[PDB]
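J.: Could you have a look at this structure, given as structure tokens, before my questions?
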Amino acid sequence: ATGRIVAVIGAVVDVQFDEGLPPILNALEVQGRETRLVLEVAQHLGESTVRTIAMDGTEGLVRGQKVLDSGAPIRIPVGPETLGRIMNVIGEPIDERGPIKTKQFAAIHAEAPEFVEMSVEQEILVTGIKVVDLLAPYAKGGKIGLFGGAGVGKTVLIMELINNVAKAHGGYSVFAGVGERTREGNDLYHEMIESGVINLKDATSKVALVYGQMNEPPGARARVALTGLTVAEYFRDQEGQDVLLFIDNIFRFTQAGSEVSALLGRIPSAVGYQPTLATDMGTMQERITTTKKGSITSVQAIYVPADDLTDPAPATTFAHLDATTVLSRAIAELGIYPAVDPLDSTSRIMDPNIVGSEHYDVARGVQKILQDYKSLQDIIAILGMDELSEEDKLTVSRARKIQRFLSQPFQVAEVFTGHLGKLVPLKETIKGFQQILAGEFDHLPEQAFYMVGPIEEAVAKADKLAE
Amino acid sequence: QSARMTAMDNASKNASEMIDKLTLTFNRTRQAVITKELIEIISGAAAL
Amino acid sequence: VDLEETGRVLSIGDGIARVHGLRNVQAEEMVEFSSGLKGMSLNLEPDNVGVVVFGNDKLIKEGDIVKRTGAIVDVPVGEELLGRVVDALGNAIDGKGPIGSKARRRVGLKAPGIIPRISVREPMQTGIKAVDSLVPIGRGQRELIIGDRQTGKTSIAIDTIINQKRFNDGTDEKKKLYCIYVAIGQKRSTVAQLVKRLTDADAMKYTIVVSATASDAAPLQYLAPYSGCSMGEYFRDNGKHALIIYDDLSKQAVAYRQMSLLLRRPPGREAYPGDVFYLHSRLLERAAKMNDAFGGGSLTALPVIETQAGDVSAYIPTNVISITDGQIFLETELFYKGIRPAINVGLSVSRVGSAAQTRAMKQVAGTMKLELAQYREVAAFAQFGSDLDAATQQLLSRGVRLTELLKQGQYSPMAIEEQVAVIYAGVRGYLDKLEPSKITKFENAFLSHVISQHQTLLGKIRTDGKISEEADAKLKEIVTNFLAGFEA
Amino acid sequence: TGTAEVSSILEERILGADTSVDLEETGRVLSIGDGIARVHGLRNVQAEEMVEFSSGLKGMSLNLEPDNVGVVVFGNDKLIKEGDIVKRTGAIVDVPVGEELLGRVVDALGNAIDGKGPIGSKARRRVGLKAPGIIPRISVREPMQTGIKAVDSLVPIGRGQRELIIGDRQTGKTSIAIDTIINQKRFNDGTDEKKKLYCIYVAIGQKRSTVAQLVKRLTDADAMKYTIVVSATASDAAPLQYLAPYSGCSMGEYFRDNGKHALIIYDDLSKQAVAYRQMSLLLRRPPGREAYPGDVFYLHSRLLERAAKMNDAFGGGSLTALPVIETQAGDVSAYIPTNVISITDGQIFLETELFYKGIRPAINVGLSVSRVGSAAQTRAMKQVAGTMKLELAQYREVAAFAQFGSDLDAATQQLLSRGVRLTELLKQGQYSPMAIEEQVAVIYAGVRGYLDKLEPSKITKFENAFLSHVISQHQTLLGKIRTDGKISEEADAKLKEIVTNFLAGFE
Ligand SMILES: Nc1ncnc2c1ncn2[C@@H]1O[C@H](COP(=O)(O)OP(=O)(O)O)[C@@H](O)[C@H]1O
Ligand SMILES: Nc1ncnc2c1ncn2[C@@H]1O[C@H](COP(=O)(O)OP(=O)(O)O)[C@@H](O)[C@H]1O
Ligand SMILES: [Mg+2]
Ligand SMILES: [Mg+2]
């Protein structure tokens, strides 16, 4: 339809329609701009007035300025022709390599799957990393979250997740950078290109990028998760695939929704957020659940404010979380890359009714022996009994070997380090840690486990070290 | 020296526990202060 | 067409449809939008009616024609909703065909007065050793499960639900059960696996599941435990005993907070308005044993309230403790220590449960509560203890053995006679020569031994609700004989 | 209840059709508040558009609410009266940019304030343009040298990025900015276009006498070739303090589009947030948190993410943003410090107990980090600063054990001693930035550990005497370090020899 801009506050411009009117949560092409100016309709107040969150720099908008109405909530280009492509929440390519020549569009602002479109089987999603799939394993339909930073290997673990899931399962992935820094987004794009996840040469790339940058208004940042989730919902519902939505930041999603609901005149909630926090997280975090056909799975980088857990954005986030794998620098300065802490990573699926009694027995043995190593490491650091017993030296040797064994050479680090990257399936992790905890490989040095994939190659590394 | 090392180990543990408890009540007091100030500003701008 | 009985949406905004006209409407009335949706007409004004919708606002335009139903907000109800996942409004969302409801129970009536009520007297066993031994529930009663994130909270309710299968496959209707699980703000996948575990455990005949998950709208999460109380209130008024669990009743108050703030209501404490206490009070207060003149029946409400990092006094846990007449309390640092469930027995009450015992459990768990109350002064004395008294170390060790006995896995609730027999082997010190890494092994061992070989004395315990003296001697005989014949 | 419904415009509307004020290009002033006019008319004005008031004033127009244009007055509100005539200019407000703005203190509309003649600008860039995207920019490829040894070693800046100076009030934090400016004299004296530099100091809501002190310090350090000083002091209006960072950032955007490098120092950017909160709350925009409205993060991000290095197709121009934030008693958890720390690519954190403890400049780190701060270094400083950072990371754990360090073991005693020598190497006098070559030499001496025997109060005297000795005698060695870019075994052997001989002849 054709309406008219009548007032402008940033990402809040309202359109006065005189005829046929778009419903709540819809798209509007503001014309006369050098670009598109897409708007999102909601609030019909009168003379068909709709309060549209306005998605770009709204300098140049005049009263009575004509607005075309497109119907659909937002159409983005989805497809297998979107892989290796950077788009933004309009659906527009911002990597400057031509348009995204695909066949089927899809509307962001879709709904959750129904209760009959659900999977009642918690299949353990196996990444292929030993420490991940042994101490905090993933779930098909999980909403898992990684607690990383700058110096830790977050990007290396992300690209390793993409390659391991694209090789082991048949799933591609999508990376929604929500509030993604343009410097950091450009470095992550060149990092994926030089690692080989994105290929600019042919049609073999493995990830689709949706970068909603910080310089965009919060109306255009609270939709980045929705856009990347819409691309991944294309992969879920028309291939039946094992998909990964990597959201780099859930706090900037919550902050963008908070600033939208602040700009729309709503009385804000508690600690500074929006009233609709749990509802918006409900819409997105329940579209990323598994279905009967595909297994979208979010891995999401999460920021806790003031190092607080009781803040409402981590409260709703941890209400939807499943694994919470910690990345850190302590075990990275212990040489293990990257320091995924398992002792602070409490996965919900770690349960012998779900993953099995052998897997849970091995995981409890590993976590208990590293907790006991941390206590006896404190005692051997203060030197109270100095090697406390033979059992002390035995568990110190075992758990030092285990901490060296939790490392894995990564295929994304193969291009500049000759340590070839291995994929280690679940059964081999179980067999390896079971044979280490059983005292079978006590007669090996601790160095024979650092950066080795399976356990039999750790045997061969112990053989090649004995020179 | 043995019993002094034991007493300072236990006092560091009790002090760390009380740091944890006081950090939790600091955070909830911080959130209450932010929500109180926010409700005062919103009440002013609404009663305007 | 007619502004008497129909009306037009002036402005649907954040959660409110201000509809024009609609003069024949009455307050708090389910009025339906021609988008197929429902809403409830709240505040009537001389220019418009504020109807809050029961779904998203995306499906509703401006000027979409709104039509009265003619009756106050209801939900379909009955025994024909048994075995089934329903929505908050009553629509079956499990996909296996529509409901065969004939009656229609109003969603917002008042709790009974103080005369048709009668106090709690029937024993409701959750099946958990800790809960039914120390903090029991009565048919008639409000018992809040308070705990943190990922603690134990839903699994206690699922064990309480699964426990009732042996009573429901039985004879007497004065013991059978009809259970409602109102999942408010949950993940939809968690409700799916809940229904899968109940179907796998054949645990559905009692069970209605009223689902208003997180992707559902917030005034739909406002309505869900009211609809569940209408289900259990139908059963209570007909005189059939009923259970209900409010999974994350804090999320019901979060949804009411958010729609309250969209109605521009003045926020109060941590942005929750003044109406939060009235919300959970008119919700929970419908539980009572009925006087036998009023049919004779009961409701048992179990809300599940969620605290941030062990905050029993936040704002909402104080409200829903001040409403419920029991606070089954849970902790998290116990749950990392390996004890499941993590009942903080000294701080966990259930209040008025110690009149709805079995009278075998009075004979076997009053001494247990005393011997475990002796344990709650000596844990620090065991921390700093190298030269302790022999009796003090003995009572400390018996408290260790009892808190090892109360551990229990998922999805295997105990029968009440099994609980009395295990606790009888636990209280007066048959465990005292065993090691705490073996008590759960010993417990599973003689539980299997008693349930296989000695079913007759279990029948005598569950038949006459008392440890008889000959049964006392024979159960002492079989505990000593198993303890002699059980090596490692 | 309407805002434009008053009996004046209603009476002139219904007594007869006017068609005389034209209602589109002009507009009559309705209710004029404390700094905001809500003018009637301007049907053809656009959003964020600078109009002029018949007194001779300017003022930029936002909110348009269907009958009224929210023009915020660019000046004193004493001389704007109800009923005055506004006029459109026709364009969103521009800033006169160019290479003729250099060495002249200007004011946020682009007009000269120091009284030494007008600006000879040739082109006006539209302020508030969009930031360059992902493909046109590239990462930090040049090392941005502060001259502060602590910053250039532990948290170095990159030509191509944004680095947020954060601290309490009167805790360094502008002295680091003036050292960052005065350091670039030696790179602006000579050749190498990809080394020469243009600093832009955007003072937002300072005193005006301290801007006079700033420009006198830059003139008598001869810092007016690189520098532009944009000034919107505390006496100036709220929107003119709001628009000050975008003006200087548009000048820097001119400098980085035309090949050259530039940095910008947003001094008191929190005061820019305060001025935006003032003008928005008087526009009755809904307040968010701490009364800051919704788009405050959008404001500082649209300001700060214009700084990036450009790819070799789009010149080679780079910008370096250095925002400055006063925190209120270490409250890093406030609104504006959390927003800008989430925006910016590094922080230089100044906790103040180090300042009064006597290690100046006050960069008290551990909270301070640069997220790219290893690739933004020369290989000399990369090697020496990497080993030095690991030594200080081992030091800072054990300082509370070093107050009782006398009765502990010897391994700690050695580690804590080395950390004390390095931590007193990192202190530096005010307004004297060190070049990269001499700070590589000094921190090299501290890392190789020719200082572990000296007294603590004699480290700084050694530092000054070693600077005098290395500048006077061994010029060619600093030439080796600044031309090779690194130590390659001959500078290493010669520095072994000269530091052993000068430690042999110090006292
Ligand atoms: N043996 C067990 N007994 C009781 N609870 C268990 C057992 N094993 C695991 N659990 C816990 O039961 C929990 C079920 O979720 P729950 O904490 O009850 O509610 P929610 O996590 O939805 O708030 C899981 O988080 C799991 O950690
Ligand atoms: N050697 C030094 N190194 C660093 N900062 C110093 C040194 N000597 C003085 N200063 C302080 O640096 C300050 C720079 O001003 P600034 O902190 O921006 O003022 P404000 O208090 O308004 O923030 C001066 O007030 C001065 O006291
Ligand atoms: Mg639960
Ligand atoms: Mg200052």
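In the structure tokens, each chain is lettered A, B, ... as it comes, each chain's residues begin at 1, and ligands are numbered from 1 in order of appearance.
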What residues in chain B have any atom no more than 8 Å from chain C when counting only C-alpha atoms, and can you write them as a PDB file with C-alpha atoms, in the first residue's frame?
T.:
```pdb
ATOM      1  CA  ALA B  32      17.410  -2.653  43.634  1.00  0.00           C
ATOM      2  CA  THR B  35      15.251  -0.270  39.636  1.00  0.00           C
ATOM      3  CA  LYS B  36      14.356   2.313  42.305  1.00  0.00           C
ATOM      4  CA  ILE B  39      10.932   3.883  38.755  1.00  0.00           C
ATOM      5  CA  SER B  43       7.089   8.119  37.521  1.00  0.00           C
TER       6      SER B  43
END
```
J.: Report the closest atom pair, with its distance in Å rounded to one decimal, for each residue of chain A that has an atom no farther than 7 Å from chain C; count only C-alpha atoms, sort by chain and then rising residue number, and write it as CSV.
T.:
```
residue,atom,partner,partner_atom,distance
A:23,CA,C:61,CA,5.0
A:24,CA,C:58,CA,4.6
A:25,CA,C:58,CA,6.1
A:42,CA,C:13,CA,6.9
A:43,CA,C:13,CA,4.7
A:44,CA,C:11,CA,5.1
A:45,CA,C:11,CA,4.7
A:46,CA,C:11,CA,6.7
A:112,CA,C:215,CA,6.5
A:115,CA,C:94,CA,6.3
A:116,CA,C:94,CA,6.1
A:120,CA,C:193,CA,5.3
A:266,CA,C:262,CA,6.6
A:267,CA,C:261,CA,6.2
A:269,CA,C:271,CA,5.6
A:270,CA,C:271,CA,5.0
A:275,CA,C:258,CA,4.6
A:276,CA,C:258,CA,6.2
A:279,CA,C:214,CA,6.3
A:282,CA,C:214,CA,4.4
A:283,CA,C:215,CA,4.5
A:286,CA,C:215,CA,6.0
A:289,CA,C:189,CA,7.0
A:310,CA,C:308,CA,5.6
```
J.: For chain A, which of B:42, B:48, B:25, B:11 is the closest residue, counting only C-alpha atoms?
T.: B:42
J.: Measuring atom to atom with only C-alpha atoms, identify which of B:31, B:16, B:9, B:40 is nearest to chain A.
T.: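 Going through B:31, B:16, B:9, B:40 one by one, the smallest distance to chain A is for B:31.
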J.: Enumerate residues in contact with ligand 4: an atom-to-atom distance of at most 7 Å, counting only C-alpha atoms and all ligand atoms. Format the result as a PDB file with N, CA and C atoms, in the first residue's frame.
T.:
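Written file, result.pdb:
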```
ATOM      1  N   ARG D 169      38.254  10.834  37.824  1.00  0.00           N
ATOM      2  CA  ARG D 169      38.627  12.210  37.538  1.00  0.00           C
ATOM      3  C   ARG D 169      39.962  12.544  38.196  1.00  0.00           C
ATOM      4  N   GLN D 170      40.775  13.320  37.478  1.00  0.00           N
ATOM      5  CA  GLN D 170      42.163  13.658  37.810  1.00  0.00           C
ATOM      6  C   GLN D 170      42.980  12.399  38.100  1.00  0.00           C
ATOM      7  N   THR D 174      44.224  12.618  30.452  1.00  0.00           N
ATOM      8  CA  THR D 174      44.285  13.636  29.420  1.00  0.00           C
ATOM      9  C   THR D 174      45.760  13.905  29.194  1.00  0.00           C
TER      10      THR D 174
END
```
J.: Residues within 9 Å of segment 154-158 of chain D, please, as a CSV table (one decimal) with N, CA, C and O atoms, in the first residue's frame. Count only C-alpha atoms; anything in the same chain fewer than 3 positions from it doesn't count.
T.:
```
chain,number,residue,atom,x,y,z
D,139,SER,N,42.0,-4.4,9.1
D,139,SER,CA,42.4,-4.4,10.5
D,139,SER,C,43.6,-3.5,10.8
D,139,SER,O,44.2,-2.9,9.9
D,140,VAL,N,44.0,-3.4,12.0
D,140,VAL,CA,45.2,-2.6,12.5
D,140,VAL,C,46.4,-3.3,11.9
D,140,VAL,O,46.9,-4.4,12.2
D,141,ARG,N,47.0,-2.6,10.9
D,141,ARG,CA,48.3,-2.9,10.4
D,141,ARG,C,49.3,-1.8,10.7
D,141,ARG,O,50.5,-2.0,10.4
D,142,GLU,N,48.9,-0.7,11.3
D,142,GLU,CA,50.1,0.0,11.7
D,142,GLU,C,50.2,0.2,13.2
D,142,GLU,O,49.2,0.2,13.9
D,143,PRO,N,51.4,0.2,13.8
D,143,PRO,CA,51.5,0.4,15.2
D,143,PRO,C,51.4,1.9,15.6
D,143,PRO,O,52.1,2.8,15.1
D,144,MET,N,50.4,2.2,16.4
D,144,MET,CA,50.1,3.5,16.9
D,144,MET,C,50.8,3.6,18.3
D,144,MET,O,50.4,3.0,19.3
D,145,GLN,N,51.8,4.5,18.3
D,145,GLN,CA,52.8,4.7,19.4
D,145,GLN,C,52.3,5.8,20.3
D,145,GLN,O,52.2,7.0,19.8
D,146,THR,N,52.0,5.6,21.5
D,146,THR,CA,51.6,6.6,22.4
D,146,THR,C,52.8,7.4,23.0
D,146,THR,O,52.7,8.6,23.1
D,149,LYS,N,55.4,4.4,27.9
D,149,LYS,CA,56.0,3.1,27.9
D,149,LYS,C,55.0,2.0,28.3
D,149,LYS,O,55.0,0.9,27.8
D,150,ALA,N,54.2,2.3,29.3
D,150,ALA,CA,53.2,1.3,29.8
D,150,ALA,C,52.2,1.0,28.7
D,150,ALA,O,51.9,-0.2,28.5
D,151,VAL,N,51.7,2.0,28.0
D,151,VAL,CA,50.7,1.8,27.0
D,151,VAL,C,51.4,1.1,25.8
D,151,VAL,O,50.9,0.0,25.4
D,161,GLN,N,42.2,1.8,14.8
D,161,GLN,CA,41.3,1.2,15.9
D,161,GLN,C,40.9,2.2,16.9
D,161,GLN,O,41.2,3.4,16.8
D,162,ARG,N,40.1,1.8,17.9
D,162,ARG,CA,39.6,2.6,19.0
D,162,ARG,C,40.0,2.0,20.3
D,162,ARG,O,39.8,0.8,20.6
D,163,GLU,N,40.5,2.9,21.2
D,163,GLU,CA,41.1,2.5,22.5
D,163,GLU,C,40.6,3.5,23.5
D,163,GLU,O,41.0,4.7,23.5
D,320,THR,N,42.2,6.5,14.4
D,320,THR,CA,42.4,5.9,15.7
D,320,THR,C,41.5,6.7,16.7
D,320,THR,O,41.8,7.9,17.0
D,346,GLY,N,39.7,-1.5,22.7
D,346,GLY,CA,40.6,-1.7,23.8
D,346,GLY,C,40.2,-0.8,24.9
D,346,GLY,O,39.4,0.2,24.7
D,347,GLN,N,40.7,-1.0,26.1
D,347,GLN,CA,40.7,0.0,27.2
D,347,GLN,C,42.0,0.2,27.8
D,347,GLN,O,42.8,-0.7,27.9
D,348,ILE,N,42.3,1.4,28.2
D,348,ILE,CA,43.5,1.8,29.0
D,348,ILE,C,42.9,2.2,30.3
D,348,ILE,O,42.3,3.3,30.4
D,365,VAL,N,46.8,-1.3,35.4
D,365,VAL,CA,46.4,-2.4,34.6
D,365,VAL,C,45.9,-3.6,35.3
D,365,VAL,O,45.9,-3.6,36.6
D,368,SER,N,43.0,-3.3,32.6
D,368,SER,CA,43.4,-2.7,31.3
D,368,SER,C,43.8,-3.8,30.3
D,368,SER,O,44.7,-4.6,30.6
D,369,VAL,N,43.3,-3.8,29.1
D,369,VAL,CA,43.7,-4.8,28.1
D,369,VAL,C,43.4,-4.1,26.7
D,369,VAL,O,42.5,-3.3,26.6
D,370,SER,N,44.2,-4.5,25.7
D,370,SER,CA,43.9,-4.2,24.3
D,370,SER,C,43.6,-5.5,23.6
D,370,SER,O,44.5,-6.4,23.6
D,371,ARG,N,42.5,-5.6,22.9
D,371,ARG,CA,42.1,-6.8,22.3
D,371,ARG,C,42.8,-7.1,21.0
D,371,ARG,O,42.6,-8.2,20.5
D,372,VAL,N,43.8,-6.3,20.6
D,372,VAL,CA,44.6,-6.7,19.4
D,372,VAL,C,46.0,-6.4,19.7
D,372,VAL,O,46.9,-6.4,18.9
D,373,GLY,N,46.3,-6.1,21.0
D,373,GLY,CA,47.5,-5.5,21.4
D,373,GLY,C,48.8,-6.4,21.4
D,373,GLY,O,49.6,-6.4,22.4
D,374,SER,N,48.9,-7.2,20.4
D,374,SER,CA,50.2,-7.9,20.1
D,374,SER,C,50.6,-7.7,18.7
D,374,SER,O,51.8,-7.5,18.4
D,375,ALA,N,49.7,-7.7,17.7
D,375,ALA,CA,50.0,-7.5,16.3
D,375,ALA,C,50.2,-6.0,16.0
D,375,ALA,O,50.7,-5.6,15.0
D,376,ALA,N,49.8,-5.1,16.9
D,376,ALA,CA,50.0,-3.7,16.7
D,376,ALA,C,51.3,-3.2,17.4
D,376,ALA,O,51.3,-2.2,18.2
D,377,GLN,N,52.4,-3.9,17.2
D,377,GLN,CA,53.7,-3.5,17.7
D,377,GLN,C,54.8,-3.8,16.7
D,377,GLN,O,54.7,-4.8,15.9
D,385,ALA,N,58.2,-6.5,24.9
D,385,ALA,CA,56.9,-6.3,25.6
D,385,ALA,C,56.2,-7.7,25.9
D,385,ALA,O,55.5,-7.8,26.9
D,386,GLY,N,56.4,-8.7,25.1
D,386,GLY,CA,55.8,-10.0,25.4
D,386,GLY,C,56.4,-10.6,26.6
D,386,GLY,O,55.7,-11.1,27.5
D,388,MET,N,58.0,-9.0,28.9
D,388,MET,CA,57.8,-8.1,30.0
D,388,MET,C,56.4,-8.2,30.5
D,388,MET,O,56.2,-8.1,31.7
D,389,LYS,N,55.4,-8.4,29.6
D,389,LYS,CA,54.1,-8.7,30.0
D,389,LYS,C,53.9,-10.0,30.8
D,389,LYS,O,53.2,-10.1,31.8
```
